[PDB]
Amino acid sequence: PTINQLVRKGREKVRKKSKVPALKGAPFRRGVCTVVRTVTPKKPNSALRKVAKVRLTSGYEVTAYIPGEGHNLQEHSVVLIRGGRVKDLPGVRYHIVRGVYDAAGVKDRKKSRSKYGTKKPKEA
Amino acid sequence: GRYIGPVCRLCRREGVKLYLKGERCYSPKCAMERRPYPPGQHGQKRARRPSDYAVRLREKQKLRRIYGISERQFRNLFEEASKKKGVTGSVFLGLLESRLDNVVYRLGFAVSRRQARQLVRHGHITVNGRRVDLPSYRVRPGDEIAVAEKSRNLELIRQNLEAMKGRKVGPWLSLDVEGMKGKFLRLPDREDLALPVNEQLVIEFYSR
Amino acid sequence: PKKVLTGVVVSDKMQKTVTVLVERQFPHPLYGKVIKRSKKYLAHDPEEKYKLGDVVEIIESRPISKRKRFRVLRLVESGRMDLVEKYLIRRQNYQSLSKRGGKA
Amino acid sequence: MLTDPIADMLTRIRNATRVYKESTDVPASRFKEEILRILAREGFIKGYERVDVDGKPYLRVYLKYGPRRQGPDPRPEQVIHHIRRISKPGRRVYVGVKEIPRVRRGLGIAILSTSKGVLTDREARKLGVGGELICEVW
Amino acid sequence: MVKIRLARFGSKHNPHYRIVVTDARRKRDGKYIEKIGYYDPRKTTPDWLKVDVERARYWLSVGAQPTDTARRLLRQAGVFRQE
Amino acid sequence: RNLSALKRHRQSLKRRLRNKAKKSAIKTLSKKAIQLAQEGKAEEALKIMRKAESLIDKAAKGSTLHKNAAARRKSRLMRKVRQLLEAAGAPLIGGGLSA
RNA sequence: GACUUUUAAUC
RNA sequence: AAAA
RNA sequence: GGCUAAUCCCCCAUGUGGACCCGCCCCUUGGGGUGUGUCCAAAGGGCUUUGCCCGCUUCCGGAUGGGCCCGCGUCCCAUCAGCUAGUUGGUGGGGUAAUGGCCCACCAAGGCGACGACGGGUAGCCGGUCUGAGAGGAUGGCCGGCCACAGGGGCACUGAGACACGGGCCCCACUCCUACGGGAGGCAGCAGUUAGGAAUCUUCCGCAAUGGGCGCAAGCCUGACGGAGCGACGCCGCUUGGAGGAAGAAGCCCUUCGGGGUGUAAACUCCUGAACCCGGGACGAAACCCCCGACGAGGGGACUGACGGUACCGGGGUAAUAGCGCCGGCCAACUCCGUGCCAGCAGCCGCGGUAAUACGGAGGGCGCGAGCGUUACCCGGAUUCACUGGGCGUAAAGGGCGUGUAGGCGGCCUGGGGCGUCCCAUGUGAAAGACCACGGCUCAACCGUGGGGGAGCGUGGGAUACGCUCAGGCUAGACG
Ligand SMILES: [Mg+2]
Ligand SMILES: [Mg+2]
Ligand SMILES: [Mg+2]
Ligand SMILES: [Mg+2]
Ligand SMILES: [Mg+2]
Ligand SMILES: [Mg+2]
Ligand SMILES: [Mg+2]
Ligand SMILES: [Mg+2]
Ligand SMILES: [Mg+2]
Ligand SMILES: [Mg+2]
Ligand SMILES: [Mg+2]
Ligand SMILES: [Mg+2]
Ligand SMILES: [Mg+2]
Ligand SMILES: [Mg+2]
Ligand SMILES: [Mg+2]
Ligand SMILES: [Mg+2]
Ligand SMILES: [Mg+2]
Ligand SMILES: [Mg+2]
Ligand SMILES: [Mg+2]
Ligand SMILES: [Mg+2]
Ligand SMILES: [Mg+2]
Ligand SMILES: [Mg+2]
Ligand SMILES: [Mg+2]
Ligand SMILES: [Mg+2]
Ligand SMILES: [Mg+2]
Ligand SMILES: [Mg+2]
Ligand SMILES: [Mg+2]
Ligand SMILES: [Mg+2]
Ligand SMILES: [Mg+2]
Ligand SMILES: [Mg+2]
Ligand SMILES: [Mg+2]
Ligand SMILES: [Mg+2]
Ligand SMILES: [Mg+2]
Ligand SMILES: [Mg+2]
Ligand SMILES: [Mg+2]
Ligand SMILES: [Mg+2]
Ligand SMILES: [Mg+2]
Ligand SMILES: [Mg+2]
Ligand SMILES: [Mg+2]
Ligand SMILES: [Mg+2]
Ligand SMILES: [Mg+2]
Ligand SMILES: [Mg+2]
Ligand SMILES: [Mg+2]
Ligand SMILES: [Mg+2]
Ligand SMILES: [Mg+2]
Ligand SMILES: [Mg+2]
Ligand SMILES: [Zn+2]
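Residues numbered from 1 in each chain as written, not as in the entry; some residues may be left out. Chains lettered and ligands numbered in written order. Part of a larger assembly, values for the part shown. Heavy atoms only, no water. Residues with missing side-chain atoms left out of burial classes, pairs and counts.

As deposited, the entry is annotated with X-ray crystallography as its determination method and 3.0 Å as its resolution.

Chain F goes by 30S Ribosomal Protein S20 in the PDB entry, where it is assigned to Thermus thermophilus. As deposited in the PDB, this entry carries the title "Crystal Structure of t6A37-ASLLysUUU AAA-mRNA Bound to the Decoding Center". For chain F, the Sequence similarities comment in UniProt is given as "Belongs to the bacterial ribosomal protein bS20 family." (UniProt positions renumbered as here; feature names shortened; annotations may be inferred.)

Looking up chain E in the PDB entry gives the name 30S Ribosomal Protein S16, with the organism given as Thermus thermophilus. Listed in UniProt under the heading Function, the comment for chain E reads: "Binds to the lower part of the body of the 30S subunit, where it stabilizes two of its domains." For chain E, the Sequence similarities comment in UniProt is given as "Belongs to the bacterial ribosomal protein bS16 family."

In structure tokens, the structure reads:
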């Protein structure tokens, strides 16, 4: 662009677009389970991925992944969404935080416990 | 809580003799003797060429594991060095050397920096007269580091300052085994130190 | 110091008042090239003395009406519509850019 | 019509030296002449002289090159490696004496035009006056 | 009414005031008109009080009214000593 | 509750009424004078203009009018009165006006 | 269950 | 037919 | 309805002076002087009572604070292009401390816009903050300056000052009282409740210090403030030991009931002594006031701390929290067992289909450590909106071609101006912050003192090469 052109139009400042309309750009959003289906992966994977249709307090109704070995979520349990997609399931852009509200932690867990929210086991 | 755990193991991983015990790290047992290979189930196994990164990460870990400083403190002393005018490399070493714990060690009042550190936190050391219980305290030039009068009578300080008779002290320092005094003369020039560390790489570790 | 500006008269159509077009010139904050911007000021002419095309000095003054804070200091050079012209044409080009197409 | 002569001249020189011409003409102008004066003094060129062509005032610019070289491509090193217009119509570039550039840690020059006349950045700093930064040469 | 008073600049348990000329109505630590000294109640250095008698006198001459402590301190610095 | 400083309200009201009273008279006499003036009655026109003047200054004594407000008043009065007597009046008492 | 390296499909 |  | 005081209200007087009108001047917008005529003052109180204190009146000036005006700068959308009637200007009037369509009547037909008017979205602005080599980008919580608001809307009264958070009036919504006529309210003050939310504290102590209001003063008021409290929310300091010294109860240690190293690490010996106990125990506070001196300068004396019996000093004294993430590559750190495209992992590339350094466990290792990790958001890397610093034949990108308006750009020589440009001096750039030096708390964080730089803009003076402008000339561009 000639300088004159630059002086007439300038450069467009590129704006960013969120991957997590968890609204209020909060770090988390509380929600409620509407459904607790199972979903199959894409690209080159196979399994019965566990998901949840959460009714957001931010006025949204999104689906969220349920990390961990096994869960205990029913068609009415309160839950905290956290942001972070699941590469294998297009459309799933949030995870449920294990250990908060009606979502139990992950029993039998031993390592990445802070994640999965599981209290420190006693080494008596 | 500056580490607090197996130490002759760090000498091992660093593949170099680190004197993190003063005594014993001389008598056929620093472990770096007849077992100079890293610790753990794979310590002996064949080693693959490290990444320019690893080489830089170990060098820093070496230099820091010597003084006992935490990354938090280490990093900050480095940033202060960086900011100041004068070859960061050396200046950093100089600031590391000015730490009271280390100075108390250079003067022999204690045999290891760890012991040295404890001797400061327990009020057995003094500076220009008033006692200072801060390992991180920074000694300036002209400062006198004595021994807590009420502590000059401890079996630990006796042995040590006794073994000091005959021992020479670093050119930037000077001591009087008599009244158990010692004087910080100047910041040790890089040349005055014989550290098993190439601080140029340390600097690079923080460039990335 | 009361600001003093020079410009051309582009309108005597008012009573005791004239419009002075003042040219400003300067380096663009980021792109550097000297750019020329302009602005019309409604100066006070107590004796409907100044006419179109007259280059006049304008002096910062005591408010005389909403939108009118200047008085004609003096006349620099009488006559020279060439400037007034540029202005009028630029004004006429306007009837065009819209829902159709005027003149060129 | 030439849109920017100082640039045309600068370029003519850039071009002529790249093929190793010996002479090289360029329409004459007081200003163009003043710049040449500096080029000659700083020793980027073997000098220059006024001339006529088809009956018009030109400036023969005698070019200068290093010596023949070894290996393939025995072409002389260039005396004028770089030479670029800085200020241009459609973005004139001015500078304060405090804003005069140090072209290539000194191994190069910068010709600026001041109210005290045309002069290398060195000279400009001397008299302590900036102006329109004309070209750059190293 | 313009005054000469003490403004708080130290820190918790470490008070340090600035002897200052200001309008009677501004925050204690607001925008003052001029600094004319400073003071350390705990005298932690051989320089815990300093004043610009020349300036102090200026404001007093144009109507500035000092606080009680302001005066106390100004007096120490010999602002009214005519002797 | 009751912040005894309701008194300021009580006081304001009296003051209000007090101010209102003074200004009313000023206007009335002002017109008054402007009236006789717009009729040539020079003697009694100035007479009153003179009271108006007095009242105004007095009003500006306390804080009713007060200021240059008073001065505008007088000015605007000694203005019209004198200009309306530009009808052959010939300032008789020439009381206020310094012809 | 069988085939395939697993799986779909197929018997 | 899908994955490698 | 009746009585009454004053520093409450009014009248007459004196007029230093001041205000207004008209001139018998200088200045230059309404500044200053002058003269005639009008016009305008005051409050008393206390004593150590014939003096002194507090206060009153008019005027000139200082200081401080503030109103108003102007140049320049200040986000996104042109899928917003035309907008405007008090609207632009004029005369007269009103209004105000004051200029002004500020408001009004009358006349005029103007004013604004592509250099983006009008409309829509978003938003308090700044010192600064974070980031970046820089240019720049993002931001404006804490602290400091300015603005705005005080349940939503409108209005004015009183004042030097308000159109007034804890003043007034009306309308509206809501709460409360109600003998249903009618009334009381406004935490965006401190604290606290409740609701919303992923989420944000004590219905604390004190007026001792600093500051403020009133008072001659004693002193009263001060949820401003000075402190303590709760929360690893942040930053800094510190501890869980130091020096010696290589063995393994019912041990998860390759469990259809299939046993690798950790590591001087432990044990254990010797030493110091976090907690904790006893004793002492602070600066912050010397003024106001009283006495001498003249209520002055100066000197003398006394009263007074929430924090707190806290910091700090001395004495005694116990070996006494460790966790969290990661180990396929990017990226520092590897093996066994379980599982078998399942269960699960995953920042990107990808991993799991019976021998998985990638899943879950275990041993081992790496990283950091009273923290560690996750999610969100900003700058960076990203020369990936490219001014510095990018591109368009085939990668995304030349308009289907022309004509042409505005605009941008402009050959050679001389001269005037000096707008751009450059230079010198000078003013402005509050403080805090940032940088450097020194200093106070044992260090540091933190804080104190001092120092230095700075673009932009104003003023005065100067330069004239280039750009510009005016004037003249040229013929190499262009046209004939
Ligand atoms: Mg797969
Ligand atoms: Mg994992
Ligand atoms: Mg009262
Ligand atoms: Mg097959
Ligand atoms: Mg199968
Ligand atoms: Mg597959
Ligand atoms: Mg009655
Ligand atoms: Mg009287
Ligand atoms: Mg009175
Ligand atoms: Mg808003
Ligand atoms: Mg960059
Ligand atoms: Mg309101
Ligand atoms: Mg509210
Ligand atoms: Mg008042
Ligand atoms: Mg009033
Ligand atoms: Mg208001
Ligand atoms: Mg309130
Ligand atoms: Mg509250
Ligand atoms: Mg809730
Ligand atoms: Mg007080
Ligand atoms: Mg009270
Ligand atoms: Mg407070
Ligand atoms: Mg040990
Ligand atoms: Mg004291
Ligand atoms: Mg008191
Ligand atoms: Mg005294
Ligand atoms: Mg990995
Ligand atoms: Mg690796
Ligand atoms: Mg396996
Ligand atoms: Mg594994
Ligand atoms: Mg810490
Ligand atoms: Mg960029
Ligand atoms: Mg991008
Ligand atoms: Mg570019
Ligand atoms: Mg590109
Ligand atoms: Mg293409
Ligand atoms: Mg084409
Ligand atoms: Mg095309
Ligand atoms: Mg054109
Ligand atoms: Mg030209
Ligand atoms: Mg100029
Ligand atoms: Mg300056
Ligand atoms: Mg500053
Ligand atoms: Mg210090
Ligand atoms: Mg000249
Ligand atoms: Mg010509
Ligand atoms: Zn060792």
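A. Summary view of the overall build of chain F. Helix and strand content of chain F: three helices and zero strands. For chain F, the sequential pattern of α-helices and β-strands runs α-α-α. Taking 99 residues into account, the globule formula puts the C-alpha radius of gyration at 13 Å, and chain F, at 17 Å, lies well above it. Taken over the C-alpha atoms alone, chain F extends approximately 70 × 20 × 15 Å along its principal axes. Considering only contacts in chain F between residues 6 or more positions apart, those separated by 24 or more positions represent 62%. (Helix = DSSP H or I, 4+ residues; strand = E, 2+ residues; numbered from the N terminus. Rg over C-alpha atoms; globule rule 2.2 N^0.38 Å. Contact = heavy atoms within 4.5 Å.)

B. Looking closely at the overall build of chain E. Secondary structure assignment for chain E yields two helices and six strands. Counting from the amino terminus, chain E carries its helices and strands in the arrangement β-β-β-β-β-α-β-α. In chain E, buried positions account for 31% of the 83 residues. Within chain E, counting contacts between residues at least 6 apart in sequence, those at least 24 apart form 36% of the total. Surface accessibility of chain E: about 5500 Å² in total, with carbon and sulfur atoms responsible for 48%. (Buried < 20%, exposed > 50% of the residue type's maximum accessible area, 1.4 Å probe, protein only. Areas by Shrake-Rupley, 256 points an atom, 1.4 Å probe, with all protein chains shown as cover.)

C. Local environment of the sheet that holds strand β4 (residues 55-60) of chain C. Residues and elements named next belong to chain C. Spatial strand order, β1-β2-β3-β5-β4: five strands in a closed barrel with mixed pairing. Along the sheet, successive strands turn relative to each other by an average axial angle of 45 degrees, direction set aside. Sheet strands touched by helix α1 (residues 81-93): β1 (4-14), β2 (17-27), β3 (34-44) and β4. Its angle to β1, the strand with the most contacts, is close to 60 degrees. (Pairing = 2+ DSSP bridges. Axes fitted to C-alpha atoms, helices over the stretch in contact; angles between N-to-C directions.)

D. How the structure looks around the packing of aromatic side chains. Enumeration according to the criterion identifies twelve aromatic pairs over all chains in this entry. Ring geometry for B:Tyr19 against B:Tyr26: centres 5.1 Å apart, planes inclined by 40 degrees, an arrangement best described as tilted. Ring centres of B:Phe74 and B:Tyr206 lie 6.5 Å apart, and the angle between their planes is 50 degrees; this geometry places the pair in the tilted category. Remark: B:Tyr206 occurs in the segment after α8 (199-205) and B:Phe74 occurs in helix α3 (residues 71-83); sequence separation between them is 132 residues. Here B:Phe74 falls in the buried class, since its relative accessible area comes to 0%. Put simply, the rings of B:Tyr53, B:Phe74, B:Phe78, B:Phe92, B:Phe205 and B:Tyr206 pair up and form one aromatic cluster. Cation over ring: D:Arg104 sits above D:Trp138, and NZ or CZ is 3.5 Å from the ring centre. Taking the ring centre of E:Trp48 as reference, the NZ or CZ of E:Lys43 above it sits at 6.0 Å. (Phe/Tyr/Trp six-rings, centres within 6.5 Å; stacked < 30°, edge-to-face > 60°. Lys NZ or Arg CZ within 6 Å of the ring centre and 35° of its normal.)

E. Seen up close, the sheet that holds strand β3 (residues 145-147) of chain B. Residue and element names in this part refer to chain B. Sheet architecture is open: three strands sit in the order β2-β1-β3, paired in antiparallel fashion. Both outer strands of the open sheet, β2 (130-131) and β3, are each paired with one neighbouring strand and no more. Taken together, the two bridges between strand β1 (residues 125-127) and β2 define a ladder with antiparallel strand orientation. Across the sheet, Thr 126 pairs through a bridge with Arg 131, a residue of β2.

F. Examining the nonpolar core more closely. With 29 residues, the main nonpolar core has B:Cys11, B:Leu63, B:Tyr67, B:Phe74, B:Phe92, B:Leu96 and B:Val202 as its most contacted residues. Secondary-structure elements contributing two or more residues to this core are α1 (8-13), α2 (52-67), α3, α4 (88-97) and α8 of chain B. Examining the composition of this core, we find that five residues originate from one element, α4(B), more than from any other. Setting aside anything within four residues of it in sequence, one finds B:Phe92 in contact with B:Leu63, B:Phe74, B:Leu77, B:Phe78, B:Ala81 and B:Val202. In terms of nonpolar packing, the next biggest core, distinct from the first, is built from 25 residues, D:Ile38, D:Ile45, D:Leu63 and D:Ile83 among them. (Core = buried A, V, L, I, M, F, W, Y, C linked by side-chain atoms within 4.5 Å.)

G. Main features of the interface of chain A and chain C. Contacts between the two partners involve six residues from chain A, matched on the other side by four residues from chain C. Here chain A meets chain C over a buried area of about 420 Å², counting both sides, of which 71% is carbon and sulfur. Here chain A is connected to chain C by zero salt bridges. Linking chain A to chain C there are one residue pair in polar contact. For the side of chain A that touches chain C, the per-class residue count stands at three nonpolar, two polar and one charged. (Buried area = accessible area lost by both parts, 1.4 Å probe. Salt bridge = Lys/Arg side-chain N within 4 Å of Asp/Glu carboxyl O. Polar contact = N/O pair within 3.5 Å; in protein donor to acceptor, adjacent residues only side chain to side chain. Nonpolar A, V, L, I, M, F, W, Y, C, P; charged D, E, K, R; others polar.)

H. Seen up close, the environment of A:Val36. All names here are of chain A. Checked against the element boundaries, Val 36 lands in the loop between β1 (29-35) and β2 (38-39). Sequence separation of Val 36 and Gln 74 is 38 residues, and the distance between their C-alpha atoms is 6.7 Å. Beyond its immediate chain neighbours, meaning those up to four positions away, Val 36 contacts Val 51, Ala 52, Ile 66, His 71, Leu 73, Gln 74 and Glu 75.

I. Looking closely at the pairing of β2(C). Residue and element names in this part refer to chain C. In the sheet, β1 pairs with β2 via four bridges, with the strands oriented antiparallel. Its bridge partner being in β2, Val 9 is matched across the sheet by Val 20. Both β2 and β3 contribute to a ladder of eleven bridges, which runs antiparallel. By the bridge assignment, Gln 25 is partnered in β3 with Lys 36. Turn length for the β2-β3 hairpin, with the two strands adjacent in sequence and antiparallel, is six residues, and the turn residue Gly 32 shows positive phi of about 70 degrees.

J. Highlighting the pattern of salt bridges. Scanning the model with the defined rule gives 35 salt bridges over all chains in all. Note that B:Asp133 and B:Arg121 form a salt bridge whose closest N and O atoms lie 2.6 Å from each other. Here B:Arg121 lies in helix α6 (residues 113-121) and B:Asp133 lies in the loop between β2 and β3, a separation of twelve residues in the sequence. When the shortest N-O distance is used, the salt bridge between D:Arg50 and D:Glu33 registers 3.1 Å. Here D:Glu33 lies in helix α2 (residues 30-42) and D:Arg50 lies in strand β1 (residues 45-53), a separation of 17 residues in the sequence.

K. Region of interest: the arrangement of the chains. Once contacts are tallied for each of the three pairs of chains in contact, the highest total is for chains A and C. As for chain E relative to chain A, no contact occurs, and the smallest C-alpha gap between them is 35 Å. The two units chain B and chain F remain apart, with a minimum C-alpha distance of 58 Å.

L. Quick look at the environment of B:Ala148. All names here are of chain B. The residue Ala 148 is located in the loop between β3 and α7 (155-163) in this model. Owing to a relative accessible area of 11%, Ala 148 belongs among the buried residues under this scheme. Considered as a pair, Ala 148 and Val 127 are 21 residues apart in the sequence and their alpha carbons are 9.5 Å apart. Not counting residues up to four positions away in its chain, the partners in contact with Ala 148 are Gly 123, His 124 and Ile 125.

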